[PDB]
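Worksheet: one structure, shown below.
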Amino acid sequence: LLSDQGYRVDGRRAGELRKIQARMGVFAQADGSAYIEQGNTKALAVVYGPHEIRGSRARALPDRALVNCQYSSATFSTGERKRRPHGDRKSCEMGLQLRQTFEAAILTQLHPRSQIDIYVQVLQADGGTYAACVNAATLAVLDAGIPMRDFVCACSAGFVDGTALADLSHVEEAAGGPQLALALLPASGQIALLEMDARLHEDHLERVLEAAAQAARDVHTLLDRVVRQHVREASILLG
Amino acid sequence: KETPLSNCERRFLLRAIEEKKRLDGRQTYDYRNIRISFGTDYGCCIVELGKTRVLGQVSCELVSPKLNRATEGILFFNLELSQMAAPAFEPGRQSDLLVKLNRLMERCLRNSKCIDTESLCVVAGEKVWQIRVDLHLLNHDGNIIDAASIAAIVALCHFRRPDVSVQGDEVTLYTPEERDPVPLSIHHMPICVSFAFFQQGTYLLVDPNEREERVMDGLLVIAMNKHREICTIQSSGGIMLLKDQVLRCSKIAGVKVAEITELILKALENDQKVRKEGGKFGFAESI
Amino acid sequence: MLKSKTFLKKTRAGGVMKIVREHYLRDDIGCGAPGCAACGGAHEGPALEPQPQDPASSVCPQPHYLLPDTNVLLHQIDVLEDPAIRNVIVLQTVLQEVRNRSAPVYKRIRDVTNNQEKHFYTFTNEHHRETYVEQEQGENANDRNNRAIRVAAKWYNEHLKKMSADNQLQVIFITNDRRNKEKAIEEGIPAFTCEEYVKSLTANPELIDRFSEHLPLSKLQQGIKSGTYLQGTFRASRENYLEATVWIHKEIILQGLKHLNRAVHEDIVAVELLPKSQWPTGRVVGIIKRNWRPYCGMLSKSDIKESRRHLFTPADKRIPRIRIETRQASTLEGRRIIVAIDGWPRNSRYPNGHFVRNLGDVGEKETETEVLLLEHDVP
Amino acid sequence: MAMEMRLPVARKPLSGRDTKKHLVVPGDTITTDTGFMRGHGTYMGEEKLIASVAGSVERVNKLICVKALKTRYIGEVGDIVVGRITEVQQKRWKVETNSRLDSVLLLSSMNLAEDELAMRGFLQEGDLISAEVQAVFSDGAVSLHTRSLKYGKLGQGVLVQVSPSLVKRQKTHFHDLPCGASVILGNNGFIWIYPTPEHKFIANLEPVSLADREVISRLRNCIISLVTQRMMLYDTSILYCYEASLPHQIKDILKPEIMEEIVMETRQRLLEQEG
Amino acid sequence: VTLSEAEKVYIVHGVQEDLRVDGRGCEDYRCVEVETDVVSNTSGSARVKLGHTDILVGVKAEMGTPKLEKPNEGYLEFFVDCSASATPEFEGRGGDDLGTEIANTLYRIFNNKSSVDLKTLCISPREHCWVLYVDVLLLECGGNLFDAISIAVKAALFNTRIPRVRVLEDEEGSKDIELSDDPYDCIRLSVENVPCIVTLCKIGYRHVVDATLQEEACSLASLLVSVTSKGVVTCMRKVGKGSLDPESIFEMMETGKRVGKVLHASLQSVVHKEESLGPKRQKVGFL
Amino acid sequence: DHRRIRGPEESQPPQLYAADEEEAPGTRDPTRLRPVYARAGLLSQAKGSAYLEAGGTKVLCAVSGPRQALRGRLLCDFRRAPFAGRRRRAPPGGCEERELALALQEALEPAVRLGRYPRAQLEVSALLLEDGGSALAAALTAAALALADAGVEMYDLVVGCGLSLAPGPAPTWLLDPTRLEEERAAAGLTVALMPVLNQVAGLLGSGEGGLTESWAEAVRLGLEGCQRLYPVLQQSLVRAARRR
């Protein structure tokens with residue numbers, strides 16, 4: 001049982017999100033640090049900013065910056081203990097898609113011979129891991145002041161019983177089967193990244209994609225408040 | 001150590017894209033002429049997508065099952081880039097493209113529920129079939145995704161496993177001399193179609209080859225079905241695209257999966273009619 | 001408001017693992033009655049027929065509503081399907097407990113619920129902010145469910161009194177245990193039993209309704225060589241599946257599932273003799289050699305469209321019904337499949353088995369041909 | 001020997017802002033009046049000026065830019081800077097500041113083949129130097145030069161790294177306080193604290209006396225407290241922080257309550273003598 | 001390479017006269033922050049915050065084979081992920097080096113058989129016992145790395161709640177296990193014999209408790225002493241490139257047991273203040 | 001995994017299935033050393049080598065030469081032989097070997113001066129053939145002698161001895177135990193000091209139970225043992241130099 005009489009397992013309808021709270025500037029030792037939580041999924045993101053290349057100096061590109069992303073899950077995430085060394089295949093992909101989304105809109109043009117590292121550590125996974133990681137990395141980058149095209153927000157969506165669902169939990173990704181996560185920058189409506197692993201029929205596709213994008217826009221209407229609230233309580237202390 | 005592309009190569013090829021003309025002479029919506037060949041033994045296939053050869057092999061054993069999943073069989077995939085395929089494919093250097101192909105193939109042909117896992121269980125908790133498929137990239141001149149998906153589906157269709165008989169607790173297997181090996185249970189045939197996006201989503205292309213991948217900036221993969229169900233999609237290359245584009249892309253991908261499913265069925269029928277009358281390898285349609 | 005719920009469930013891999021789920025509490029849950037204006041009006045969904053015409057109150061009540069317990073909903077479903085009983089509010093906790101307990105009861109309740117004419121309103125009590133309860137430590141789950149049902153009933157009483165314009169709509173609570181009715185009186189609400197209400201409604205004739213162990217084979221073959229235990233082949237009968245025989249090479253009759261210690265048709269078993277006053281009757285105490293084979297048959301699916309465990313009726317009548325663990329469960333319906341058994345645990349009435357292959361739909365020539373070949377074992 | 005543990009106190013919003021500075025987040029639109037040139041920290045999109053870093057806006061008669069709150073150090077011409085030496089290359093040294101690249105120091109600027117092997121001796125790998133900025137290379141790398149003899153290899157002292165957007169653009173950064181310690185307020189995020197010399201380079205490796213050391217270590221903790229409470233960092237602020245630090249002993253001022261009362265008293269003094 | 005030698009000689013002359021760079025004495029910790037039960041997917045969780053350095057420890061419960069050496073009671077397992085969150089110096093492979101070493105030390109700290117009562121962890125001997133998976137995930141390394149890990153693992157083992165399981169077994173296979181309800185679970189570990197690590201890093205003639213990054217980098221050698229509550233001393237280690245003269249070992253050993261008494265009593269008081277205060281209250285804050 | 005010949009999946013040692021009660025070895029003098037047989041320069045293709053034997057404990061070490069402020073870095077690798085001890089370890093190992101390698105590296109750098117080796121490295125390779133007793137100390141001593149015969153500059157040799165505690169009602173420290181005396185043991189300690197400069201170079205010892213006085217007595221007894229043990233190593237290295 002997933003959705004009957006319009007109500008889900010968590011007790012929320014098909015359109016609304018989870019409760020997500022993002023905090024900026026955790027680790028003052030680093031450059032940019034963000035901690036976000038979407039329901040019970042905890043995500044932590046650290047970016048060390050545009051520092052020069054320390055070793056292996058042949059990697060540097062002459063025109064644009066280089067973006068390095070590494071995804072590491074905690075060993076105590078789910079019930080079964082999993083080991084991040086010798087379990088690299090799932091992670092290698094999750095890092096390379098982050099590399100794609102943050103070479104998409106980070107403006108590498110302004111930083112020649114520059115390395116930007118984005119490290120994301122997940123502390124407690126409860127479904128929708130990828131969207132939480134992308135949102136944490138976006139808040140972390142906008143801490144450190146790397147100038148980018150647009151605020152980046154990601155979410156997920158499923159399709160059960162003729163209705164689209166937004167922001168799945170672990171239960172709904174477990175039994176259901178249709179997952180579709182996307183990363184979106186809302187100033188131009190351009191979908192930055194798609195992920196979908198399903199048996200979904202073609203005639204429904206557009207519908208769930210709209211709902212997915214709609215959920216992403218709701219994320220953009222929430223985190224923005226946090227960012228503005230944060231930057232407002234910067235300026236009162238300055239001038 | 002690979003040879004770099006000229007500036008004039010880039011300029012001339014983009015100018016060729018701006019008037020909707022490829023290099024070889026086909027249109028924008030044309031796959032290259034494909035060819036399916038089979039090996040001697042069961043489950044060995046060679047797919048030519050057109051100057052691009054992919055070898056496919058299916059092996060199968062009896063392994064004790066995983067503890068959480070006691071009543072179905074395990075699928076285990078390995079797509080390994082051979083050294084002969086490209087001069088820059090030294091072992092350990094190309095990890096990124098390796099993971100990006102491997103996980104896509106694994107997600108498609110596992111989470112699509114393409115071939116049955118529940119038909120494999122012999123004794124619950126003790127003995128179960130375990131299917132390992134191996135795809136080798138032999139020649140690199142185009143989509144490894146499309147040719148790999150074609151080779152994996154053809155190898156899953158052509159493979160046969162030896163019979164086991166269960167009587168009480170006795171599990172008695174037989175040699176391929178003693179019993180005919182049964183074919184494997186398949187629900188449907190999902191397949192991958194690759195789309196190339198050029199200069200921020202203005203120009204849509206199908207099936208880029210080597211130069212056509214070096215000049216592009218966007219790649220998209222749509223996996224579809226005979227019954228026009230979409231299995232998996234994945235974007236790569238760092239591009240930004242509107243949803244109208246993927247909505248028009250699903251239709252063309254449906255037409256293409258229908259045609260290639262026709263080609264695979266002709267391939268299997270022609271190979272079986274060859275092996276009914278003396279035994280050989282059965283070529284297959286190259287159109 | 002957000003709260004958190006904690007479970008300590010087991011796994012399939014014989015293991016215990018913790019679960020923490022989120023749980024939201026919404027404010028906009030409507031009461032389902034148009035007499036309230038704070039909820040809003042006439043949700044396009046099912047209503048509760050405001051100011052109902054009296055079906056037959058006539059003895060105890062005013063015009064009112066019915067709110068049942070779990071056990072009355074499991075037992076008096078034949079009473080509650082009847083078109084005379086017309087306005088009943090169903091809580092979500094009771095419905096989920098029914099979904100855990102019995103499949104076709106849940107099926108019939110869903111089929112009455114989608115029927116508009118018999119007005120049922122399903123109430124999301126688990127997410128309403130007034131009615132949510134937390135599990136106090138030192139309390140079983142059944143006690144938590146009973147206290148939740150009682151608190152929601154008191155909430156409906158207080159909500160239909162004050163939030164309405166004038167308090168003229170009561171709520172009625174139905175139970176089986178009279179002690180639960182005493183608890184409901186002591187806490188709050190008026191209540192009645194199922195039997196007293198179904199008698200004193202009015203207009204009677206429309207609504208008068210209401211393991212043994214298995215010794216290991218070493219001790220078995222020791223007792224056979226030494227004495228009383230005697231081995232043989234098992235044989236069921238097509239007539240009565242409670243009755244069976246064992247050949248000894250002399251035949252021994254054995255009946256009852258307590259005596260039929262869960263051995264399938266053609267096996268090698270070891271029988272103990274009963275005392276001679278209860279007769280040549282015997283009882284299975286051990287299994288020497290299992291001898292199973294894949295059976296043809298059909299997969300009768302349960303009415304839950306989401307569940308995994310399913311029931312399988314084989315081809316010949318000699319084989320007990322097999323419970324399997326598939327996920328396909330929809331394309332297999334109406335097609336003859338073959339199923340192989342894997343063991344019989346102590347706990348269940350039925351064995352456990354597994355799917356192997358699909359043959360074809362029922363009625364086609366090739367499918368019935370290969371089925372009648374596989375049943376009589378022609379190679 | 002006593003140790004202390006405490007429960008972690010949750011942060012409080014602590015509010016009157018009274019600020020009209022105009023604030024943008026990346027993605028939204030700057031108001032376009034015709035006759036703007038361009039800005040840094042923004043870009044052109046669909047013929048519309050779109051800001052690209054969250055922060056405040058600044059408007060000049062021709063220039064419209066976005067000022068962020070935490071960036072790394074940007075190359076500016078007339079600034080003095082402190083840096084750490086990383087590598088010793090053949091014709092130049094590599095100096096690390098909190099800039100987007102490691103800064104380069106050519107040998108031709110340093111006031112002292114005969115130079116090549118002796119280059120290692122008088123400027124050790126890993127010391128601390130202070131210099132003016134000569135010019136900026138094309139790719140954004142910053143080049144620095146020691147013109148006068150007030151620059152050079154530093155003494156022994158102590159170093160504190162801060163964010164570079166928390167110091168004033170005010171002249172005469174070299175402050176020798178009447179407390180007994182001199183301080184260099186770099187235009188990047190470095191603050192250097194060293195005891196004052198009376199003689200008015202060579203490494204004076206004699207031990208510094210105890211009162212001078214304790215004054216040096218009182219300035220350091222006040223600078224840490226100021227940058228923690230996110231206030232501007234300049235000379236009179238450091239003096240009022242020293243005066244507010246004088247009642248408490250030195251170890252205890254990194255407890256957050258003492259930090260709060262020191263910053264409140266200092267901000268009150270700066271506001272009441274501001275005007 | 002991390003700091004110059006003039007500032008080295010300034011730090012050592014500050015050390016010899018009882019005023020370091022922050023103004024602490026010879027034998028004084030800075031403020032230590034201990035937070036109980038952060039991660040809500042574990043059996044036990046702790047967060048520990050010292051200045052710059054951050055250590056979070058999660059403890060789960062699992063079932064498994066006890067061993068063959070010690071058959072009738074259970075054991076502990078440690079894994080340290082020196083993550084890429086702390087420095088880019090250890091990013092892909094350098095973290096598993098240092099994250100090895102710390103883990104090894106913890107085995108020695110728990111190689112007592114008198115450390116934690118392992119006879120509590122037995123379910124039924126030779127068949128099923130509990131395995132405490134203790135995982136140490138440090139967020140940011142800021143100096144004096146071994147103290148905060150020990151404080152964190154002590155706090156996390158205090159928060160550890162293990163569910164009460166009794167296993168019924170029959171003459172058949174019968175793996176049916178109860179997992180009784182009511183999560184009351186009074187199998188809380190007796191932590192009063194679990195030791196804590198104190199470093200005593202040596203800078204000059206004087207030895208210094210709780211060096212920072214500068215104070216470690218100016219130092220030659222270091223002594224690593226693990227002290228229990230009462231007076232019990234488990235393993236000692238010399239860590240460092242430099243040498244160490246013999247009477248300094250005895251001086252640092254006595255100072256270590258003194259600091260150990262102070263730490264242990266203060267940690268017990270603070271964590272009892274946590275559980276005394278509003279387990280439904282306090283609104284646990286990681287911001 | 002696939003670079004070695006695979007065999008069975010899971011194997012068990014016979015001693016756990018062995019049904020016998022092995023007696024304790026009894027009572028001895030506490031300062032009863034084992035006889036020491038050491039010789040240096042045994043190997044040929046290595047630049048320097050040493051072989052050390054003590055009762056039932058055997059260890060061999062060899063040093064690869066220097067290869068291409070700036071400071072030398074000796075990285076040391078410690079492999080145990082796969083047939084040393086009752087149970088057979090995996091040929092990579094991976095858990096305990098890196099733990100002993102850190103003890104080797106943190107005990108050898110006070111010995112080897114590295115200002116005379118800019119931008120170079122040294123490879124100290126120790127191999128433990130028979131785990132008869134004190135395993136870490138014999139490895140330290142043999143690595144010190146091999147580095148000395150190899151011709152790198154030092155300040156002093158490194159002499160190390162291990163200790164152990166019998167778990168009786170009166171805990172009495174034992175010096176240089178055998179493997180059975182470690183199997184019966186509760187707590188074992190290992191020290192190593194340069195005897196001329198009279199400074200401890202590294203101490204590593206796991207505990208089971210003790211008090212601060214007892215650990216101090218064990219440390220000073222180990223110092224006495226190493227100072228006592230030194231001259232045999234001296235005369236052996238003198239004879240090895242006379243072969244040159």
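To be explicit about the labels: the chains of the structure tokens are called A, B, and onward in the order shown, and within each one the residues are counted from 1, while ligands get numbers from 1 in the order they are shown.
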Closest atom pairs, chain D residues within 12 Å of chain F, only C-alpha atoms, as CSV:
```
residue,atom,partner,partner_atom,distance
D:86,CA,F:69,CA,11.5
D:87,CA,F:69,CA,10.9
D:88,CA,F:69,CA,10.9
D:120,CA,F:69,CA,9.7
D:121,CA,F:69,CA,10.5
D:123,CA,F:69,CA,11.6
D:124,CA,F:69,CA,8.1
D:125,CA,F:69,CA,7.0
D:126,CA,F:69,CA,9.0
D:127,CA,F:69,CA,11.5
```
Create the file for the chosen residues now, containing N, CA and C atoms and written as a tab-separated table (two decimals), in the first residue's frame.
```tsv
chain	number	residue	atom	x	y	z
D	86	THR	N	56.29	28.01	-0.47
D	86	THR	CA	56.06	26.58	-0.66
D	86	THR	C	57.20	25.89	-1.38
D	87	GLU	N	57.56	26.37	-2.57
D	87	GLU	CA	58.56	25.69	-3.37
D	87	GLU	C	59.65	26.68	-3.76
D	88	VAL	N	60.82	26.14	-4.07
D	88	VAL	CA	61.97	26.93	-4.48
D	88	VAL	C	62.29	26.51	-5.91
D	120	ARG	N	68.71	29.30	-2.20
D	120	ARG	CA	68.11	28.48	-1.16
D	120	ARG	C	68.47	28.94	0.24
D	121	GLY	N	69.65	29.55	0.41
D	121	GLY	CA	70.18	29.75	1.75
D	121	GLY	C	69.51	30.88	2.51
D	123	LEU	N	66.61	32.42	2.02
D	123	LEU	CA	65.15	32.48	2.09
D	123	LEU	C	64.64	31.04	2.12
D	124	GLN	N	64.42	30.54	3.32
D	124	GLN	CA	64.17	29.12	3.54
D	124	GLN	C	62.77	28.72	3.06
D	125	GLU	N	62.67	27.49	2.57
D	125	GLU	CA	61.39	26.89	2.23
D	125	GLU	C	60.50	26.77	3.46
D	126	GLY	N	59.42	27.54	3.49
D	126	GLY	CA	58.44	27.43	4.55
D	126	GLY	C	58.43	28.58	5.54
D	127	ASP	N	59.16	29.67	5.28
D	127	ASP	CA	59.09	30.81	6.17
D	127	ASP	C	57.93	31.72	5.78
```
| task | Write out as a PyMOL selection string every residue belonging to chain E that has an atom at most 7 Å from any atom of chain F, counting only C-alpha atoms. | result | chain E and resi 101+104+108+111-112+231-246+250
Closest pair table for chain D residues within 7 Å of chain A, only C-alpha atoms, as JSON lines:
```
{"residue": "D:17", "atom": "CA", "partner": "A:236", "partner_atom": "CA", "distance": 5.0}
{"residue": "D:19", "atom": "CA", "partner": "A:236", "partner_atom": "CA", "distance": 6.4}
{"residue": "D:26", "atom": "CA", "partner": "A:150", "partner_atom": "CA", "distance": 5.6}
{"residue": "D:27", "atom": "CA", "partner": "A:150", "partner_atom": "CA", "distance": 4.5}
{"residue": "D:41", "atom": "CA", "partner": "A:147", "partner_atom": "CA", "distance": 6.4}
{"residue": "D:52", "atom": "CA", "partner": "A:147", "partner_atom": "CA", "distance": 4.9}
{"residue": "D:53", "atom": "CA", "partner": "A:147", "partner_atom": "CA", "distance": 4.9}
{"residue": "D:54", "atom": "CA", "partner": "A:142", "partner_atom": "CA", "distance": 6.8}
{"residue": "D:55", "atom": "CA", "partner": "A:231", "partner_atom": "CA", "distance": 6.4}
{"residue": "D:68", "atom": "CA", "partner": "A:145", "partner_atom": "CA", "distance": 6.6}
{"residue": "D:70", "atom": "CA", "partner": "A:144", "partner_atom": "CA", "distance": 5.9}
{"residue": "D:71", "atom": "CA", "partner": "A:145", "partner_atom": "CA", "distance": 5.6}
{"residue": "D:100", "atom": "CA", "partner": "A:51", "partner_atom": "CA", "distance": 5.3}
{"residue": "D:101", "atom": "CA", "partner": "A:52", "partner_atom": "CA", "distance": 4.8}
{"residue": "D:102", "atom": "CA", "partner": "A:52", "partner_atom": "CA", "distance": 6.3}
{"residue": "D:139", "atom": "CA", "partner": "A:112", "partner_atom": "CA", "distance": 6.4}
{"residue": "D:230", "atom": "CA", "partner": "A:237", "partner_atom": "CA", "distance": 6.4}
{"residue": "D:231", "atom": "CA", "partner": "A:238", "partner_atom": "CA", "distance": 5.9}
{"residue": "D:232", "atom": "CA", "partner": "A:238", "partner_atom": "CA", "distance": 6.8}
```
Residues as selected, C-alpha atoms, written as a CSV table (one decimal), in the first residue's frame, can you do that?
```csv
chain,number,residue,atom,x,y,z
D,17,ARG,CA,19.2,45.0,11.7
D,19,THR,CA,19.8,47.7,6.9
D,26,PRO,CA,22.5,34.0,-7.9
D,27,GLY,CA,19.9,33.6,-10.6
D,41,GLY,CA,30.5,38.8,-9.8
D,52,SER,CA,26.1,35.2,-9.9
D,53,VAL,CA,27.2,35.2,-6.2
D,54,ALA,CA,25.0,35.8,-3.2
D,55,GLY,CA,25.6,39.0,-1.3
D,68,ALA,CA,30.1,38.7,-1.7
D,70,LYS,CA,33.4,35.1,1.8
D,71,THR,CA,35.8,35.0,-1.2
D,100,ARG,CA,43.0,31.5,-6.2
D,101,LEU,CA,46.6,30.6,-7.3
D,102,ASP,CA,49.8,30.4,-5.4
D,139,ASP,CA,45.5,34.6,-16.0
D,230,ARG,CA,31.9,38.6,12.3
D,231,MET,CA,32.9,42.2,12.8
D,232,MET,CA,35.4,44.4,10.9
```
| said: Based on only C-alpha atoms, which of the residues in chain E come within 9 Å of chain A? I want them as number ranges by chain. | reply: E: 39-42, 52, 58-62, 79, 81, 83-89, 91-92, 96, 133-135, 137, 139-140, 142, 286-287
| Sel. of alpha helix (DSSP H) residues, range 52-287 of chain B, as a ChimeraX atom specification | /B:95-111,144-158,210-214,243-275
| Leaving out residue 60 in chain B and any residue of its chain fewer than 6 positions from it, which residues lie within 12 Å of it when counting only C-alpha atoms, given as a PyMOL selection string? | chain B and resi 42-43+73-77+120+128-134+156+159-163+184
Quick one: write out the picked residues with N, CA and C atoms as a PDB file, in the first residue's frame?
```pdb
ATOM      1  N   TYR B  42      26.659 -22.224 -27.699  1.00  0.00           N
ATOM      2  CA  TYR B  42      25.527 -21.371 -27.385  1.00  0.00           C
ATOM      3  C   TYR B  42      25.984 -20.138 -26.619  1.00  0.00           C
ATOM      4  N   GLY B  43      25.351 -19.008 -26.906  1.00  0.00           N
ATOM      5  CA  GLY B  43      25.563 -17.800 -26.142  1.00  0.00           C
ATOM      6  C   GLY B  43      26.732 -16.940 -26.560  1.00  0.00           C
ATOM      7  N   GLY B  73      17.677 -16.029  -8.960  1.00  0.00           N
ATOM      8  CA  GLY B  73      19.040 -16.177  -9.428  1.00  0.00           C
ATOM      9  C   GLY B  73      19.717 -14.829  -9.570  1.00  0.00           C
ATOM     10  N   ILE B  74      21.031 -14.844  -9.474  1.00  0.00           N
ATOM     11  CA  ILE B  74      21.817 -13.621  -9.520  1.00  0.00           C
ATOM     12  C   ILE B  74      22.304 -13.378 -10.941  1.00  0.00           C
ATOM     13  N   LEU B  75      22.197 -12.133 -11.398  1.00  0.00           N
ATOM     14  CA  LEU B  75      22.804 -11.716 -12.654  1.00  0.00           C
ATOM     15  C   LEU B  75      24.055 -10.923 -12.342  1.00  0.00           C
ATOM     16  N   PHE B  76      25.113 -11.165 -13.102  1.00  0.00           N
ATOM     17  CA  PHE B  76      26.392 -10.529 -12.854  1.00  0.00           C
ATOM     18  C   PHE B  76      26.981 -10.116 -14.194  1.00  0.00           C
ATOM     19  N   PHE B  77      27.209  -8.818 -14.361  1.00  0.00           N
ATOM     20  CA  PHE B  77      27.587  -8.257 -15.649  1.00  0.00           C
ATOM     21  C   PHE B  77      29.039  -7.830 -15.601  1.00  0.00           C
ATOM     22  N   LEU B 120      14.831 -19.314 -12.060  1.00  0.00           N
ATOM     23  CA  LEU B 120      16.138 -19.954 -12.004  1.00  0.00           C
ATOM     24  C   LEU B 120      16.315 -20.797 -10.753  1.00  0.00           C
ATOM     25  N   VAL B 128      21.088 -22.425  -6.633  1.00  0.00           N
ATOM     26  CA  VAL B 128      20.409 -21.533  -7.563  1.00  0.00           C
ATOM     27  C   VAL B 128      21.352 -21.242  -8.725  1.00  0.00           C
ATOM     28  N   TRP B 129      20.797 -21.023  -9.914  1.00  0.00           N
ATOM     29  CA  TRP B 129      21.608 -20.673 -11.068  1.00  0.00           C
ATOM     30  C   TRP B 129      22.152 -19.267 -10.908  1.00  0.00           C
ATOM     31  N   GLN B 130      23.334 -19.035 -11.463  1.00  0.00           N
ATOM     32  CA  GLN B 130      23.991 -17.740 -11.423  1.00  0.00           C
ATOM     33  C   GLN B 130      24.546 -17.447 -12.807  1.00  0.00           C
ATOM     34  N   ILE B 131      24.050 -16.377 -13.419  1.00  0.00           N
ATOM     35  CA  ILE B 131      24.328 -16.048 -14.811  1.00  0.00           C
ATOM     36  C   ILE B 131      25.307 -14.892 -14.864  1.00  0.00           C
ATOM     37  N   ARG B 132      26.451 -15.111 -15.498  1.00  0.00           N
ATOM     38  CA  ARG B 132      27.443 -14.071 -15.697  1.00  0.00           C
ATOM     39  C   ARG B 132      27.596 -13.802 -17.180  1.00  0.00           C
ATOM     40  N   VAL B 133      27.397 -12.552 -17.586  1.00  0.00           N
ATOM     41  CA  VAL B 133      27.609 -12.208 -18.985  1.00  0.00           C
ATOM     42  C   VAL B 133      28.820 -11.295 -19.087  1.00  0.00           C
ATOM     43  N   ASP B 134      29.547 -11.457 -20.177  1.00  0.00           N
ATOM     44  CA  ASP B 134      30.758 -10.713 -20.441  1.00  0.00           C
ATOM     45  C   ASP B 134      30.649 -10.102 -21.821  1.00  0.00           C
ATOM     46  N   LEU B 156      21.577 -13.084 -24.397  1.00  0.00           N
ATOM     47  CA  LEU B 156      20.604 -13.647 -23.467  1.00  0.00           C
ATOM     48  C   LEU B 156      19.542 -14.451 -24.201  1.00  0.00           C
ATOM     49  N   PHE B 159      21.377 -17.931 -25.444  1.00  0.00           N
ATOM     50  CA  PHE B 159      21.975 -18.826 -24.461  1.00  0.00           C
ATOM     51  C   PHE B 159      21.007 -19.920 -24.038  1.00  0.00           C
ATOM     52  N   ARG B 160      21.553 -21.104 -23.784  1.00  0.00           N
ATOM     53  CA  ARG B 160      20.807 -22.213 -23.216  1.00  0.00           C
ATOM     54  C   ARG B 160      21.570 -22.734 -22.008  1.00  0.00           C
ATOM     55  N   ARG B 161      20.842 -23.175 -20.992  1.00  0.00           N
ATOM     56  CA  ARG B 161      21.449 -23.678 -19.770  1.00  0.00           C
ATOM     57  C   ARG B 161      21.196 -25.173 -19.633  1.00  0.00           C
ATOM     58  N   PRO B 162      22.090 -25.929 -18.996  1.00  0.00           N
ATOM     59  CA  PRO B 162      21.855 -27.369 -18.868  1.00  0.00           C
ATOM     60  C   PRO B 162      20.753 -27.657 -17.865  1.00  0.00           C
ATOM     61  N   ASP B 163      20.004 -28.724 -18.121  1.00  0.00           N
ATOM     62  CA  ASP B 163      18.872 -29.080 -17.277  1.00  0.00           C
ATOM     63  C   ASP B 163      19.341 -29.667 -15.964  1.00  0.00           C
ATOM     64  N   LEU B 184      16.294 -19.869 -22.198  1.00  0.00           N
ATOM     65  CA  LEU B 184      16.093 -19.118 -20.973  1.00  0.00           C
ATOM     66  C   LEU B 184      14.832 -18.268 -21.079  1.00  0.00           C
TER      67      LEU B 184
END
```
| field | All residues 12 Å or closer to residue 58 in chain D, only C-alpha atoms, same chain fewer than 5 positions away omitted, as a VMD selection string | value | chain D and resid 21 to 24 30 38 to 42 51 63 to 68
Excluding same-chain residues fewer than 3 positions from residue 22 in chain F, what lies within 10 Å of it counting only C-alpha atoms, as a compact mmCIF listing (two decimals) with N, CA and C atoms, in the first residue's frame?
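Wrote selection19.txt, looks like this:
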```txt
# COMPACT_ATOMS: atom_id res chain seq x y z
N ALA F 19 42.07 -32.09 20.44
CA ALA F 19 41.56 -32.31 21.78
C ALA F 19 42.72 -32.73 22.68
N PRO F 25 54.27 -23.97 31.01
CA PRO F 25 55.69 -24.37 31.07
C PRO F 25 56.32 -24.24 32.44
N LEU F 180 54.52 -19.89 23.99
CA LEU F 180 53.59 -20.41 24.99
C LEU F 180 53.46 -19.46 26.16
```
